[PDB]
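Visitor: I would like the atomic coordinates for the input below:
(11 chains, ligands or ions: 164)
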Amino acid sequence: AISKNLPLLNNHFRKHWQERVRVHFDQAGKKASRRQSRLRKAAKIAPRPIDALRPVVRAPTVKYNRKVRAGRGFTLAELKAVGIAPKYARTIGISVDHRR
Amino acid sequence: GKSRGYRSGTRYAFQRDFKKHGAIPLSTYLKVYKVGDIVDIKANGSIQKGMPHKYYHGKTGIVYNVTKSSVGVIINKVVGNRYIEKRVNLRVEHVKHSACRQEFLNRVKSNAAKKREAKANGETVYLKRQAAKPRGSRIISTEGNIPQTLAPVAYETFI
Amino acid sequence: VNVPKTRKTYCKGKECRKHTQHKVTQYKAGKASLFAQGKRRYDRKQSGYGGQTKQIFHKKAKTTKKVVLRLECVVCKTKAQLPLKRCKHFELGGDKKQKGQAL
Amino acid sequence: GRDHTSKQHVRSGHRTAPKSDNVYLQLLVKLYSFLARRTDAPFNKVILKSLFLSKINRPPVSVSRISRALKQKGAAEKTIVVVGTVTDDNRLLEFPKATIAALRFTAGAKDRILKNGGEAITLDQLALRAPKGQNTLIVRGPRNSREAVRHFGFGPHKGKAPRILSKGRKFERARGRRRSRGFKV
Amino acid sequence: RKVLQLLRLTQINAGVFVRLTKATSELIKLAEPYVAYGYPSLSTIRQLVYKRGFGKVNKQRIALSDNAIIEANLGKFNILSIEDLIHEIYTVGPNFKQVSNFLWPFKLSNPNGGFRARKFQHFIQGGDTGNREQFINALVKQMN
Amino acid sequence: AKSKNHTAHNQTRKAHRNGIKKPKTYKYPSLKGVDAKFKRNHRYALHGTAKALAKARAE
RNA sequence: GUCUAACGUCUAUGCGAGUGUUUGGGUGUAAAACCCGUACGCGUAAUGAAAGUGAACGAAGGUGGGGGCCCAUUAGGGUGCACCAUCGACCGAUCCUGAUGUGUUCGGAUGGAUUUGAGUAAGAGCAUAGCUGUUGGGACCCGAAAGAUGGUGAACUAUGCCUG
RNA sequence: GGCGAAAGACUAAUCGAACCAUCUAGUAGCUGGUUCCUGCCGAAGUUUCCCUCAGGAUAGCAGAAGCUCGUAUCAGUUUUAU
RNA sequence: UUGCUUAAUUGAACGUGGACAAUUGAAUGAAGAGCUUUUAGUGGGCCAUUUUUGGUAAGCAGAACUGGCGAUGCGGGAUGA
RNA sequence: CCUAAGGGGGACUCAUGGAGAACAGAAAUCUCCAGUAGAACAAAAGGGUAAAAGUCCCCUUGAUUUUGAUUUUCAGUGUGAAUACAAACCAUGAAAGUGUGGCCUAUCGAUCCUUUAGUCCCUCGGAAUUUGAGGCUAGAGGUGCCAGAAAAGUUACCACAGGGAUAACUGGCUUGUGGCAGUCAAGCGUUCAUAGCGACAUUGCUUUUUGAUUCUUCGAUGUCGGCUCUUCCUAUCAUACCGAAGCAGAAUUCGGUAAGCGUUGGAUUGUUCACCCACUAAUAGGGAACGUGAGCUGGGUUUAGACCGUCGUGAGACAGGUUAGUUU
RNA sequence: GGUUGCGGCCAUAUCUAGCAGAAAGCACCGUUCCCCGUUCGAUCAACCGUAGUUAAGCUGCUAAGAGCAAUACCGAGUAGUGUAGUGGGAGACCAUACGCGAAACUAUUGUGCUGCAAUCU
Ligand SMILES: CC(=O)O[C@@H]1[C@@H](O)[C@H](O[C@H]2[C@H](OC(=O)[C@H]3CC[C@@H]4[C@H](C3)O[C@@]3(C[C@H](OC(=O)/C=C/c5ccccc5)[C@H](C)CO3)[C@]43CO3)O[C@H](C)[C@@H](O)[C@@H]2OC(C)=O)O[C@H](C)[C@H]1O
Ligand SMILES: [Mg+2]
Ligand SMILES: [Mg+2]
Ligand SMILES: [Mg+2]
Ligand SMILES: [Mg+2]
Ligand SMILES: [Mg+2]
Ligand SMILES: [Mg+2]
Ligand SMILES: [Mg+2]
Ligand SMILES: [Mg+2]
Ligand SMILES: [Mg+2]
Ligand SMILES: [Mg+2]
Ligand SMILES: [Mg+2]
Ligand SMILES: [Mg+2]
Ligand SMILES: [Mg+2]
Ligand SMILES: [Mg+2]
Ligand SMILES: [Mg+2]
Ligand SMILES: [Mg+2]
Ligand SMILES: [Mg+2]
Ligand SMILES: [Mg+2]
Ligand SMILES: [Mg+2]
Ligand SMILES: [Mg+2]
Ligand SMILES: [Mg+2]
Ligand SMILES: [Mg+2]
Ligand SMILES: [Mg+2]
Ligand SMILES: [Mg+2]
Ligand SMILES: [Mg+2]
Ligand SMILES: [Mg+2]
Ligand SMILES: [Mg+2]
Ligand SMILES: [Mg+2]
Ligand SMILES: [Mg+2]
Ligand SMILES: [Mg+2]
Ligand SMILES: [Mg+2]
Ligand SMILES: [Mg+2]
Ligand SMILES: [Mg+2]
Ligand SMILES: [Mg+2]
Ligand SMILES: [Mg+2]
Ligand SMILES: [Mg+2]
Ligand SMILES: [Mg+2]
Ligand SMILES: [Mg+2]
Ligand SMILES: [Mg+2]
Ligand SMILES: [Mg+2]
Ligand SMILES: [Mg+2]
Ligand SMILES: [Mg+2]
Ligand SMILES: [Mg+2]
Ligand SMILES: [Mg+2]
Ligand SMILES: [Mg+2]
Ligand SMILES: [Mg+2]
Ligand SMILES: [Mg+2]
Ligand SMILES: [Mg+2]
Ligand SMILES: [Mg+2]
Ligand SMILES: [Mg+2]
Ligand SMILES: [Mg+2]
Ligand SMILES: [Mg+2]
Ligand SMILES: [Mg+2]
Ligand SMILES: [Mg+2]
Ligand SMILES: [Mg+2]
Ligand SMILES: [Mg+2]
Ligand SMILES: [Mg+2]
Ligand SMILES: [Mg+2]
Ligand SMILES: [Mg+2]
Ligand SMILES: [Mg+2]
Ligand SMILES: [Mg+2]
Ligand SMILES: [Mg+2]
Ligand SMILES: [Mg+2]
Ligand SMILES: [Mg+2]
Ligand SMILES: [Mg+2]
Ligand SMILES: [Mg+2]
Ligand SMILES: [Mg+2]
Ligand SMILES: [Mg+2]
Ligand SMILES: [Mg+2]
Ligand SMILES: [Mg+2]
Ligand SMILES: [Mg+2]
Ligand SMILES: [Mg+2]
Ligand SMILES: [Mg+2]
Ligand SMILES: [Mg+2]
Ligand SMILES: [Mg+2]
Ligand SMILES: [Mg+2]
Ligand SMILES: [Mg+2]
Ligand SMILES: [Mg+2]
Ligand SMILES: [Mg+2]
Ligand SMILES: [Mg+2]
Ligand SMILES: [Mg+2]
Ligand SMILES: [Mg+2]
Ligand SMILES: [Mg+2]
Ligand SMILES: [Mg+2]
Ligand SMILES: [Mg+2]
Ligand SMILES: [Mg+2]
Ligand SMILES: [Mg+2]
Ligand SMILES: [Mg+2]
Ligand SMILES: [Mg+2]
Ligand SMILES: [Mg+2]
Ligand SMILES: [Mg+2]
Ligand SMILES: [Mg+2]
Ligand SMILES: [Mg+2]
Ligand SMILES: [Mg+2]
Ligand SMILES: [Mg+2]
Ligand SMILES: [Mg+2]
Ligand SMILES: [Mg+2]
Ligand SMILES: [Mg+2]
Ligand SMILES: [Mg+2]
Ligand SMILES: [Mg+2]
Ligand SMILES: [Mg+2]
Ligand SMILES: [Mg+2]
Ligand SMILES: [Mg+2]
Ligand SMILES: [Mg+2]
Ligand SMILES: [Mg+2]
Ligand SMILES: [Mg+2]
Ligand SMILES: [Mg+2]
Ligand SMILES: [Mg+2]
Ligand SMILES: [Mg+2]
Ligand SMILES: [Mg+2]
Ligand SMILES: [Mg+2]
Ligand SMILES: [Mg+2]
Ligand SMILES: [Mg+2]
Ligand SMILES: [Mg+2]
Ligand SMILES: [Mg+2]
Ligand SMILES: [Mg+2]
Ligand SMILES: [Mg+2]
Ligand SMILES: [Mg+2]
Ligand SMILES: [Mg+2]
Ligand SMILES: [Mg+2]
Ligand SMILES: [Mg+2]
Ligand SMILES: [Mg+2]
Ligand SMILES: [Mg+2]
Ligand SMILES: [Mg+2]
Ligand SMILES: [Mg+2]
Ligand SMILES: [Mg+2]
Ligand SMILES: [Mg+2]
Ligand SMILES: [Mg+2]
Ligand SMILES: [Mg+2]
Ligand SMILES: [Mg+2]
Ligand SMILES: [Mg+2]
Ligand SMILES: [Mg+2]
Ligand SMILES: [Mg+2]
Ligand SMILES: [Mg+2]
Ligand SMILES: [Mg+2]
Ligand SMILES: [Mg+2]
Ligand SMILES: [Mg+2]
Ligand SMILES: [Mg+2]
Ligand SMILES: [Mg+2]
Ligand SMILES: [Mg+2]
Ligand SMILES: [Mg+2]
Ligand SMILES: [Mg+2]
Ligand SMILES: [Mg+2]
Ligand SMILES: [Mg+2]
Ligand SMILES: [Mg+2]
Ligand SMILES: [Mg+2]
Ligand SMILES: [Mg+2]
Ligand SMILES: [Mg+2]
Ligand SMILES: [Mg+2]
Ligand SMILES: [Mg+2]
Ligand SMILES: [Mg+2]
Ligand SMILES: [Mg+2]
Ligand SMILES: [Mg+2]
Ligand SMILES: [Mg+2]
Ligand SMILES: [Mg+2]
Ligand SMILES: [Mg+2]
Ligand SMILES: [Mg+2]
Ligand SMILES: [Mg+2]
Ligand SMILES: [Mg+2]
Ligand SMILES: [Mg+2]
Ligand SMILES: [Mg+2]
Ligand SMILES: [Mg+2]
Ligand SMILES: [Zn+2]
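Guide: Residues are numbered from 1 along each chain as shown, chains lettered A, B, ... in the order given. Ligands and ions are numbered 1, 2, ... in the order given. Pasting the structure now:
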C-alpha cells in the first residue's frame, strides 16, 4: 500500500463519487445558446444598451488594494452629486447601490 | 537465548599475552602519530577507554584525527557488496605504527640512490622488482660426496 | 538509593552560569487541568453515544519508575530537573553509610 | 562452452543517434557525422555526441553563462558553441559583442546578442567558418540545477528534498525531522 | 575459476604460454587440477604459431598470415617476423609478456588417439592434469 | 509451521555480480570529525595563505 | 491489468524567467477549425512553531582533477563549461557578545559558535503527449461464512380460539 | 419475531434465526484462471522491521534508459613486505 | 600562513619555489573505467563433497564454505531434480 | 543494586602456608617469614587490575551544562549502550594529570495525551490589559508481544476460505523400543564349559510392537473387529526321511533337509488380545493398502436425542460409564 | 671500567645457596628543637655527616643449580591440513597425488644490553 520514494497522495475517492460526475460535454452548446440569448436580449431592447453602467470601486484586502474593478451600483451620494434620483437612475440605465 | 554484546566472543582476542599483563611500557605513550600515518590496531584488554570494537582488532588503517589521548583511524569495512568508510576513535594504547611503510619507503630510497649512481656513471639500472626465477645450470662436485644409495626400509613395530 | 538534600551543580540561570548550591526535592507531577486542549478534546469525544472513544492501558510491565530530582538554586530560584535510573527504594537525605561497624 | 568474463550481447549504452524524429536535426547530424568521421578534430566528434543528447542532457545556457565564459582570459573573441537552447538573462547589466552558434535562441537572447553588435548563427553556419571548430569554446548549462535532481538519492541524513505535494508545518516535519518528536534524520 | 580466467583459459583445450617465476608458478599451482601443462619444444611452438597462431588486433582474433600484421603490432618490441615471435617465446625474452598477450589463446582440438582412460587426475597417477614436462609435446602433437 | 531459520548461502554470489568494489580515493579527504580547535585555526591559516599568494602574483 | 482523479522516473515537442488560447469572450462552412484577454495555477526565495527576517569579501571564492579550445615544438604551457572531491563565503533558525541611543526596557551595531534548513552562490521552468511504476476507485476476471435496510409468507407446520 | 407436553424442534421439500429485493460487482494476506511470434538480458527464497510466521515494507539479486570519459586504474588471482 | 601548539625562532596542518622523466618503481589479466535514475519478480527452497550440532538413527531436524538442482536440455549412471 | 559500590588523591597489600605467644582448643587476638595474586572488585560469566582497579583514610559531586562527530546492532533507519573531541562550569591532587556515573562486555521505551523544568520568548488573527489557553526546547508518566492494538469463554448445532506449508489410516526412511539369532566362555549341568544351558561383554537380523519423522493424500484412498475366500513367507505346532542325547524299552529333548500337507468345536468379551472347557496328529506364527464394507455385518469407535459420575458460575468438557441412532 | 640520579627494551635482567667487593658513590648508621605522621621518630617528617660499619642492601663471581633466552643432519618432513580421483574398505577409517607443515622430545650455547647527566685510585 506504501511503496518506493513517492509523494504521499490525497485522492478523495472513497464515497460513491461516480454517481456525481458532471462532464461538460455541453460546453460548446452552452456557449452557442448563451450567444443566442445575448442576441435575443439585444434585439429586445435596441437601441438601449444591454449593459447597465457600473461604478468603479477599490478591491478589498491587502492583496488587492492596488487593483480597482467594476462595482455593483453608484452610491446615493454619487447619484446625488450628479442630480439623479435613484428611482429615475434605475430607469435610464444606471445601476444603484444603497449599501456602498 | 542469543547473546550478541559488544565484547562477545573476545575471550582470547582481548587477553593479555602470557606473562605480559600489567603496566604498559611507556614507549606506547611516547610514540607520535600524525594524520596520514598507517597504524595497526590491537585492542589492549587492560585499557577499556577508547577501546576498539572486536572487528577492528587486527585491522590496519589511516590516522585522520589526533586528540589528547587518541587518534581517529579510517577503516574500510565490507557491508554487503561495497565498502563503508568507518571512523574509529582509539586511545593510543590500542595502536601501533604499521611496519609495511618502512619496507616500501626504504625501497624508494634504494631506487633513488641506485638511479643517481647509474646516472652518475652514465649507465642504466633497472628498478622493478622480480619474482623468484627458476635456477640456472650448475655442476655438482663429487670429491668427498660420492652418492650414497638409499632404499625404502622394512616395516617394524617399536612399541 | 540515598540522595543528599543538597548538591552543587551548574546553574543554567542567566545570573549564575556556575556551580551554586541547590536544594534537592523529589519531583511530583502536577494536577491535571480541565482546560488543557487534549483533555478538552477528550471530554467532547467521549460525550454522547459510542462508548469508550480512546484506549485504556492494561498491559503494565514496569515495576519501578524513574525518580526525578528537583534542584532549586538557592541564589536565583531557578529550578532544574534530573532523572535517575530505575530504583525500587529511594530516600532523600537518609542516614549515611557507616563502614566498619559490627553486626 | 565458454566461461564468460563479461556479459554477452551488451549494447554500448550510449546514444548513437538522436531520439528525436525532427528531420532538420537529422541534417545537423548528417553534417557532423561526416565531419567527425573525417577531420581528426576532437571538436567535431564532441559535437556529434552532443547532438544525440536528450533535453535534460542539454540544459539551457543563459546569456549570462556565455558572458562569464567570454570573460576568461584570452577568450573574448572566441566563438561560443551551445548544443541546445540559449536563453535570455534580464539580470545582466551589460553584454559584449560576440558570435554564438546554437540550436535555438530565445527572443530575448537573439535581441540581446544582436543589440550589442554580435551574431546569432546556427550550427551549420558554424561548420563553414570553423569546420574544425577552430577558436571555439563549448559552453554547457547546469545539469544539477534541475528540480527532479533535488529528490535523487533521498535518505536518512542525506539532506535531499522529500517528494511532497504540499509544503508547510503540517507536512513531514514532526517525527524523524525533529529531536523533540523522537529522532531527527 | 578466477585463476583460469586470468590465464585466458576460458574454454576447454585452450592453450597459453606462461613464463615461469613464482607468481605465475603459484597461479598454475592453483589451476593445476584443471590443466595439463609442460615444457614445450621449439618445434611445438613453431607448429602452434604457424597453424593456430592468432593476434589480438583491436580486440579481434586475426590470423597471423603475414609478417606485416606482426610488425604493425610488435615492432616497438623488435618483433618483425613470425620467427622473431617464436624466438621471443622459446628463449624467454625481455618482451615475453607483450608477445604472449598479443597471441590469442590457442584453441586446440581434442587428441587424435584420445586421452588416458580418466583425465582428471594427476599425470603422475595415470591421469592427465598437472606437469608432464616433456610429454606436453606429444599431447600438443595429438591436439594441434 | 516451522521454516528455514537462517543461511548465508548464495549471498557471496549476489555481492560479486556488480559489487565488492573498493572505494574511490580522492586527493582531499573530508575533514568531518576532525578536531574543532584545529579546524577553527586551519581556517585562518588557509585564508592567510591565499592572501600571500594573491599578493605575490599581483606583484 | 481497463478507464478515471492525482502523482514518480524517462523520452519527444513548443516557448522560455516565464509558461498554460478552450472558465469565459470573439468568430464560424457550428460540439470542429480560427482568434482574444483579465485573472488564476505552477515557476521566479528561503527559513522559523511563530512574531519575523531574508541571499556577492573576492572577477559570484580557493585547491586537485576535468572534455573541448588557444600557444607550442616529443614533451610543455595557457584557458578550462558540465561534472567529481575538498576547503570557504552569503540568507533563515539556534546559541554567545551586547555600540551610539532610549516610552528604562526597548533597540541590536559589532564580533563569534564540533549547531541547524527541502536555501544563495549569473535563474529553468511551464505546458502537451507516450511508455513504465504508484495511490483511491468494482480496479486483472470469478468466489465466502457474514452484516444492514425495506418488504412477502401460518395453502405445510406449531399453538389458541370459533363452527362442523 | 412467532410457536414449542422442549427435539434447537415447527414457522410452505428452507430453521442454532424463513422467504423476497436492495445496500452489493460487500471484503478476502486464501483457490482457480489469466488469450500472438521471435530476439536480447535474466533472478530470489537472503538482511532489518512489522499481532510478523501462507502477507507486506525494506536492502540485495534483475531489466531498461542512459550519462561523463577513453587505458585513465580496475580484479571472487598470484608474488614480496608487514 | 594561523586566532592552534611550544620555553622558543618549537611543532601541526595547508602552501610558493627547485631537483628526481618513461624500468614512474612486482606478476597476470582487463569486449575499458567511472557514474546516475527508475522499475520487475523474489522474500516456502532443496541437494552433493567437506567442516559440523541435536538424535540410537532417519529418504530426520539444524548451521559453515563452495558447487549444483530449482530455472536445464544434451552424453553416461538400465531406470532417477 | 549503589551518595558511594560515583570522582580525585594518598597510604598499605589480599587468598593461603610455616614457625611462635596466658586462658586459647581445628576456628578468637598478637609476631615474623614466605606468599604472580592461588583473594577481592553489588550481581551470571569471561576479560582486566599489585607501590592497584584490591583494603583503609581525606576531600568532594564530573551521577553537572550546550549540543555536534563517531562505534555496535544496522537499512549503515530507530532504540539501548559506548567512544574521542569542542565550548563551559567544577571536584581532587604539590603537580603532571584524572573525572561527562558504576573497571569493560547486559541492566530498557516512539506518535497522540498529560505533567514538570527552561526560554520569560511567540500567538489567541479588529486594538489592548489581566486571567485562561495554545506554541518552542529538555525531562517524567509506557507500551516486557519490549519498532510500542484497548480485549473473556463455549460450540458434540455449527459455517466459510484454504492447507497435504500440518495432526488423526495405509505406504516410505530409521530400528531406539519390540521380536528373533549369533560369538567369547566365568559358571550351571552328581564328575564334566558347549547332551542341554550359560553371566559380564559384544556382533547381527526382522518390520506382525511402539516410538521418531511428516515425503504422498485434506476439490476425501470409506477409519475397528468378525464372517467369507484365495494366495504367499518360514523364524516348523503336527505329519515324512534323517543326525544327536545325561537315547535300555516306552516316553522325551536338541538339531538337519523340509511350507508337500493340515492346523478345530465352544462359555464370557464389539474386541484385536485374553482366559477357561473339550476334541485332535496338531490345535504354529505371520504377510498380501494393519488383504478383504460398490462382499456382507455394524456389536465398538466417532455427529445430532438422552441419563449418570467428576469438572465448570455458565454455556459446556471428559481421550469416563450408559442407551437410541439412513452402510448409496 | 666502577657508582649514583633519571630511564628504554622489560627474566640472557628472575629465584635458591655460597664467596668476594680497592676508589668514589650508595647504603646501613647517629639525633628529636623545628615542619610533619604514628599505638610505636619502626614507616613517614625534620636535624647532624658529627660517633661507627661494609654485617646487610647494592655489585660481581661460583652452581653437570631451577627458571628464562637462542640455535639445530634433534624429533620430523612425523601430527595436522588446502586441493584430487567413478582410489581401497560393509563400515570405522585408510592409502596415494600436487602443496603447506607443528607441538612435545633431545642436544648445544648463553644468563642483561643500553641512552642522558654527574662523579671516581
Ligand atoms: C482509570 C484508568 O486507569 O484508565 C486510564 C484512563 O483514565 C486515562 O484516560 C485519560 C486520557 O487518556 C487519553 O486520552 C490517551 C492519551 C495518551 C495515550 C494514552 C491515553 O496515554 C498514553 C499511554 C502512556 O501513559 C498512560 O498510561 C497515561 C495515563 C494518563 C492518566 C490520566 C491522564 C492522562 C494520562 C504513555 C506514557 C503515553 O500516554 C498514550 C499513548 O497511550 O487522557 C485525558 C486527558 C484524561 O482525562 C484521562 O484520565 C482520566 C482522569 O480519566 O488513560 C490511561 C491510559 C488509562 O490507564
Ligand atoms: Mg539458557
Ligand atoms: Mg549463547
Ligand atoms: Mg591474543
Ligand atoms: Mg567507563
Ligand atoms: Mg633506468
Ligand atoms: Mg539552577
Ligand atoms: Mg501541550
Ligand atoms: Mg455536547
Ligand atoms: Mg451522557
Ligand atoms: Mg455519536
Ligand atoms: Mg461518542
Ligand atoms: Mg557456444
Ligand atoms: Mg549470461
Ligand atoms: Mg561500459
Ligand atoms: Mg552580442
Ligand atoms: Mg539555482
Ligand atoms: Mg534549485
Ligand atoms: Mg515532488
Ligand atoms: Mg508527499
Ligand atoms: Mg598468458
Ligand atoms: Mg591436483
Ligand atoms: Mg592412431
Ligand atoms: Mg581414430
Ligand atoms: Mg585410450
Ligand atoms: Mg595416450
Ligand atoms: Mg575415458
Ligand atoms: Mg573408462
Ligand atoms: Mg600408476
Ligand atoms: Mg589434429
Ligand atoms: Mg508458521
Ligand atoms: Mg523463510
Ligand atoms: Mg563479476
Ligand atoms: Mg504526470
Ligand atoms: Mg474549442
Ligand atoms: Mg453546435
Ligand atoms: Mg502568478
Ligand atoms: Mg502568471
Ligand atoms: Mg508563487
Ligand atoms: Mg525555532
Ligand atoms: Mg531550530
Ligand atoms: Mg548611552
Ligand atoms: Mg545608556
Ligand atoms: Mg545601553
Ligand atoms: Mg539602532
Ligand atoms: Mg547549507
Ligand atoms: Mg543555484
Ligand atoms: Mg488498479
Ligand atoms: Mg489505477
Ligand atoms: Mg461476490
Ligand atoms: Mg447475504
Ligand atoms: Mg458486524
Ligand atoms: Mg426487518
Ligand atoms: Mg429484515
Ligand atoms: Mg392453517
Ligand atoms: Mg422485530
Ligand atoms: Mg412483537
Ligand atoms: Mg442440544
Ligand atoms: Mg410450526
Ligand atoms: Mg415459500
Ligand atoms: Mg419454497
Ligand atoms: Mg414445490
Ligand atoms: Mg425449498
Ligand atoms: Mg471482481
Ligand atoms: Mg544469457
Ligand atoms: Mg497469511
Ligand atoms: Mg518486496
Ligand atoms: Mg543479501
Ligand atoms: Mg540497476
Ligand atoms: Mg581504472
Ligand atoms: Mg596465499
Ligand atoms: Mg612475511
Ligand atoms: Mg612544488
Ligand atoms: Mg615480487
Ligand atoms: Mg525494483
Ligand atoms: Mg529493485
Ligand atoms: Mg523489489
Ligand atoms: Mg515487489
Ligand atoms: Mg519449505
Ligand atoms: Mg511465499
Ligand atoms: Mg557438486
Ligand atoms: Mg570424497
Ligand atoms: Mg537439512
Ligand atoms: Mg522439513
Ligand atoms: Mg519454484
Ligand atoms: Mg545442468
Ligand atoms: Mg540419458
Ligand atoms: Mg541420464
Ligand atoms: Mg545403477
Ligand atoms: Mg570502584
Ligand atoms: Mg572514591
Ligand atoms: Mg578510590
Ligand atoms: Mg591511589
Ligand atoms: Mg603462589
Ligand atoms: Mg544519571
Ligand atoms: Mg545506534
Ligand atoms: Mg535492534
Ligand atoms: Mg544504519
Ligand atoms: Mg546507525
Ligand atoms: Mg543513535
Ligand atoms: Mg569505539
Ligand atoms: Mg575535562
Ligand atoms: Mg518515555
Ligand atoms: Mg498515533
Ligand atoms: Mg479574535
Ligand atoms: Mg491581540
Ligand atoms: Mg515520553
Ligand atoms: Mg510485538
Ligand atoms: Mg517486535
Ligand atoms: Mg489483545
Ligand atoms: Mg464467539
Ligand atoms: Mg452435546
Ligand atoms: Mg467436543
Ligand atoms: Mg506433508
Ligand atoms: Mg532393533
Ligand atoms: Mg532391541
Ligand atoms: Mg546372546
Ligand atoms: Mg516400523
Ligand atoms: Mg503421514
Ligand atoms: Mg485427506
Ligand atoms: Mg479426485
Ligand atoms: Mg484425490
Ligand atoms: Mg472415492
Ligand atoms: Mg486407503
Ligand atoms: Mg485419506
Ligand atoms: Mg478403493
Ligand atoms: Mg473403520
Ligand atoms: Mg527352517
Ligand atoms: Mg501350498
Ligand atoms: Mg459369544
Ligand atoms: Mg464367542
Ligand atoms: Mg485389551
Ligand atoms: Mg487402505
Ligand atoms: Mg500393507
Ligand atoms: Mg504393519
Ligand atoms: Mg484394512
Ligand atoms: Mg473392496
Ligand atoms: Mg459398503
Ligand atoms: Mg470393515
Ligand atoms: Mg454389485
Ligand atoms: Mg459403525
Ligand atoms: Mg453402532
Ligand atoms: Mg469398552
Ligand atoms: Mg450422540
Ligand atoms: Mg456444579
Ligand atoms: Mg475418568
Ligand atoms: Mg462420554
Ligand atoms: Mg455397568
Ligand atoms: Mg430406535
Ligand atoms: Mg446414488
Ligand atoms: Mg668491556
Ligand atoms: Mg667507601
Ligand atoms: Mg629513626
Ligand atoms: Mg624520613
Ligand atoms: Mg655490603
Ligand atoms: Mg659485604
Ligand atoms: Mg639451568
Ligand atoms: Mg589430506
Ligand atoms: Mg584451502
Ligand atoms: Mg575428493
Ligand atoms: Mg570406474
Ligand atoms: Mg604430502
Ligand atoms: Mg644471573
Ligand atoms: Zn542560580
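Visitor: quick one: secondary structure of the residue of chain F found nearest ligand 11?
Guide: At 42.8 Å from ligand 11, residue F:1 is the closest residue in chain F, using Cβ to the ion. C-beta: built from backbone N, CA, C; applies to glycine. Following DSSP: H, G, I helix; E, B strand; the rest coil, we place residue F:1 in the coil state.
Visitor: Report how many residues lie close to it.
Guide: 2 (other Cβ atoms under 10 Å in any protein chain shown).
Visitor: burial count for residue B:48?
Guide: With other Cβ under 10 Å as criterion, residue B:48 counts 12.
Visitor: In chain D, where's the longest strand?
Guide: Identified as the longest strand of chain D according to DSSP state E is strand D:79-87.
Visitor: neighbouring strands for that strand, and are they parallel or not?
Guide: strand D:61-62 (parallel), strand D:99-105 (parallel), strand D:136-138 (parallel) (DSSP bridges).
Visitor: in the chain, which spans are helices?
Guide: Going with chain A. With helices called from DSSP state H, chain A shows them at A:27-45, A:76-81, A:86-89.
Visitor: wait, chain E
Guide: Listed in chain order, the helices of chain E (DSSP H) span E:2-6, E:23-30, E:42-52, E:67-74, E:82-90, E:96-102, E:135-143.
Visitor: In contact with residue B:14, which residues?
Guide: Residue B:14 is in contact with B:7, B:43, B:45, B:54, B:57, counting by Cβ atoms under 8 Å, 6 or more residues apart in numbering or on different chains.
Visitor: Mind doing that once more with 6 Å?
Guide: B:43, B:45 (Cβ atoms under 6 Å, 6 or more residues apart in numbering or on different chains).
Visitor: Spit out the contact partners of the residue of chain E found nearest ligand 22.
Guide: In chain E, the residue that lies nearest ligand 22 is residue E:33 (4.0 Å; Cβ to the ion). The contact partners of residue E:33, taken as Cβ under 6 Å, 6+ apart, are residue E:129.
Visitor: Residue B:75 contacts residue B:60, correct?
Guide: No: if you go by Cβ atoms under 6 Å, residue B:75 and residue B:60 don't touch, sitting 8.4 Å apart.
Visitor: Which residue of those two possesses the greater neighbour count?
Guide: Between residue B:75 and residue B:60, counting by other Cβ under 10 Å, residue B:75 is the more crowded of the two (18 against 15).
Visitor: On the three-state scheme, the more buried one is what?
Guide: strand.
Visitor: Tell me the residue of chain F that sits nearest ligand 74?
Guide: residue F:22 (21.2 Å).
Visitor: And the closest residue to that residue other than its chain neighbours, how far from residue F:31?
Guide: Using Cβ to Cβ, 6 or more residues apart in numbering or on different chains and skipping the chain neighbours, the partner closest in space to residue F:22 is residue B:83 (6.3 Å). Taking Cβ to Cβ, to the nearest Å as the measure, residue B:83 falls 20 Å from residue F:31.
Visitor: neighbour count winner among the two?
Guide: Between residue B:83 and residue F:31, residue B:83 has the larger neighbour count (other Cβ under 10 Å), namely 16 against 12.
Visitor: who does the more buried one bridge with?
Guide: residue B:78.
Visitor: Looks like it contacts residue B:76 (just checking).
Guide: Yes: with contacts counted by Cβ under 6 Å, residue B:83 reaches residue B:76, the gap being 4.3 Å.
Visitor: so what's in contact with those two at the same time?
Guide: Joint contacts of residue B:83 and residue B:76 (Cβ under 6 Å, 6+ apart) are residue F:23.
Visitor: burial count for residue D:17?
Guide: 12.
Visitor: Please report phi then psi for the nearest residue to it once chain neighbours are set aside.
Guide: Residue nearest to residue D:17 in three dimensions, not counting chain neighbours: residue D:52, with 6.2 Å by Cβ to Cβ, 6+ apart. In terms of degrees, to the nearest 10, the main-chain angles of residue D:52 are phi -80, psi -20.
Visitor: Residue D:14 is in contact with residue D:52, correct?
Guide: No: assessed by Cβ under 6 Å, residue D:52 is found out of contact with residue D:14, at 7.9 Å.
Visitor: who's more crowded, these two?
Guide: Neighbour comparison, residue D:52 and residue D:14: the larger count goes to residue D:52, with 18 against 7 (by other Cβ under 10 Å).
Visitor: From ligand 32, how far off is the more buried one?
Guide: 47 Å (Cβ to the ion, to the nearest Å).
Visitor: Residue D:77 now?
Guide: 71 Å.
Visitor: and what of residue D:26?
Guide: 55 Å.
Visitor: So what's the residue count around that residue?
Guide: If we define neighbours as other Cβ under 10 Å, then residue D:26 has 15 of them.
Visitor: Disregarding residues adjacent in the polypeptide, which is nearest to the residue nearest the centre of chain D?
Guide: Closest to where the C-alpha atoms of chain D average out (Cα atoms, centre = their mean) is residue D:58, at 3.0 Å. Once flanking residues are discounted, residue D:58 sits nearest to residue D:84: 3.6 Å by Cβ to Cβ, 6+ apart.
Visitor: what's the burial count for residue 30?
Guide: Picking chain A for this. 11.
Visitor: my question was about chain E
Guide: Residue E:30: 13 neighbours (other Cβ under 10 Å).
Visitor: so how far is RNA strand H from the residue nearest to it when sequence neighbours are not counted?
Guide: Nearest residue to residue E:30 in three dimensions, chain neighbours excluded: residue E:3, at 4.6 Å (Cβ to Cβ, 6+ apart). Distance, residue E:3 to RNA strand H, by Cβ to the nearest atom of the strand, to the nearest Å: 5 Å.
Visitor: doesn't residue E:31 make contact with residue E:3?
Guide: Yes: using Cβ under 6 Å as the test, residue E:3 is close enough to residue E:31 to be in contact (4.7 Å).
Visitor: residue boundaries of the helices in chain D?
Guide: Under DSSP H, chain D gives helices at D:23-36, D:42-51, D:63-70, D:107-115, D:123-129.
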